[PDB]
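Coming up, as structure tokens: structure 1 and structure 2, two forms of one and the same protein chain.
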Structure 1
């Protein structure tokens, strides 16, 4: 009898959630793309203000990348709400392209009342220069980036997936993939 984030969204299939990662090597193709976001105030102790899921089958074109959809939605949301300081969390399934990173950064500059934390499930094209730069572009703008570990997948399952009481069911390579991807992110950001 308390306000849950699950009630504030249209939750995704378990299948839409895990099909990209479950028993699939880091260097794979994709079935879906998603971005689960959460909005809070300065105080992390507070209750979650609002949340939304941007999902779709893979390879939308630039304009409909979940990151851009988020920016359109959150630009209006900021206007239809009290002005204070907000902290935004993303759980996003794929790597930001350069075009999304630039639009997000410019946003972060015009609206310093907002800080952004990004959890990425899997890096892609991390060997391509533009994708590496996109990560640095976001860090430069003050966005915080981390790879999703068990807790984050678990949390994202609890808040955003149609789980039906059922618990998060981790795949075997999840911590292995995490270590590899977290080290690679770290590397791309420093160098």
Structure 2
């Protein structure tokens, strides 16, 4: 049970940065909730951690970059086998980071990433639209966080204090918008 493997983030912090209002400003931070497993989806969570970084460049200090460096040294300490990573990230990847995660997934065919985004990041600038396409073109499975993944993220990475998940009104309103957007953007 990964609640001990990580240093769970604050409830007032989660409700703020994982709010899925598609157009939102005032959140300068992107929170990545990481989780490593084997080619199995049914066994134990093998390792887990929470990265965070601020959005202004350099992109070398972004929570998807902190992951890529961490997972490089971590892959060394464990045996060569197929891994299944999955992210619960607050904002979608930026443009430079999407290129890094693509070069990574390309070199290393044993890992297969799955990113759940709470919000799509600059879904209107066409640079960021091809960033999402770059990822799904490298093998990364891109999805929108729905009620289950918001809940499953609360249980696993928060000071839940046994408290159960409290969903805001307009969650599936925003979900239907964001899924359909990600659906159109990835379409080719």
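Positions refer to the first chain, counted from 1. Between two forms, the rigid core is defined as the largest C-alpha subset superposing within 1.5 Å.
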item	value
Core-superposed comparison between the two structures, residue 151 Cα displacement 2 Å or beyond	no
Threshold 2 Å Cα movement between the two structures for residue 166, core superposed	no
Cα displacement of residue 179 between the two structures reaching 2 Å, rigid core superposed	no
Rigid-core-fitted C-alpha displacement of residue 63 between the two structures (angstrom)	1.3
Between the two structures, C-alpha offset at residue 124 (rigid core aligned, Å)	2.2
C-alpha positional change at residue 31 between the two structures - rigid core reference, Å	5.2
